[PDB]
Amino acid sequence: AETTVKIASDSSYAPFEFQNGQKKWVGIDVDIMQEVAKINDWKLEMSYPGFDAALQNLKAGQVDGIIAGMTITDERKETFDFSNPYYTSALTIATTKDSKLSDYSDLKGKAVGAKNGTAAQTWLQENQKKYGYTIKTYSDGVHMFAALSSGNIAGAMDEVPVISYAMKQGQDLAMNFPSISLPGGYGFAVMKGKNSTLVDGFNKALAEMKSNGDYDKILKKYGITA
């Protein structure tokens, strides 16, 4: 019967992987992986220990691959082989829907938020002298978006898919600023030199899903492009 495939992911990264109201695992990565497995006649066993644990479990041979919004980078290619990117994310500034701010130049003298430890934070730091905002740093999304709604930041930098999902959820957000592409894209990962069948299967199924409408339907479920 079917070949079993163990894939580990993050424990909370909406809209890529997260638990719904019924505690069921959903998200872009979940839906993509489930369909990749269906197309390839694989018996999928998903686990959600968190990204760092997933990497540990993958190196230890405890799982066969990872899908967890994992950026493809030259350094990571020293340890992992990747699929083609199945999504390429981007950063932008979220505002309330009533805000007129829309240009990175409009930020002079204003407070802009980001979550600690993220690419958004780094981009803000890199471009602060360029654009002249002040940076407020938040522990997590709930706190950052509460500051935006309270008017204590004029904008909140985050990922386009994360803001899109929040907008789909009905949060008071708009994306009026340009997007800053996050190079590399997200890929399915296996250990370098191992499991090429999984990578090839992923790539083939991805191309099929893009071509047949299923990929677009998945992204739209979570509010993306859209």
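Just count from 1 along the sequence shown to find any residue number.
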Mean Cα B-factor check, 162-170 vs 29-37, entry values; winner is 162-170
Comparing 16-24 with 198-206, the higher average Cα temperature factor in the PDB entry belongs to 16-24
Between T92, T96, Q125, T73, where does the Cα B-factor run highest in the record? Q125
Which of these, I153, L107, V142, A114, has its C-alpha atom at the highest B-factor, as the entry lists it? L107
Grab the CA temperature factor for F80 from the record and place it in the lowest, middle or highest third of its chain. middle
Check where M157 lands among this chain's C-alpha B-factors and tell me if it's the lowest, middle or highest third. lowest
Is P183 in the lowest, middle or highest third of its chain when residues are ranked by C-alpha B-factor? highest
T134: which third of its chain by C-alpha temperature factor? highest
Relative to the other modelled residues of the same chain, rank the CA B-factor of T88 and answer lowest, middle or highest third. lowest
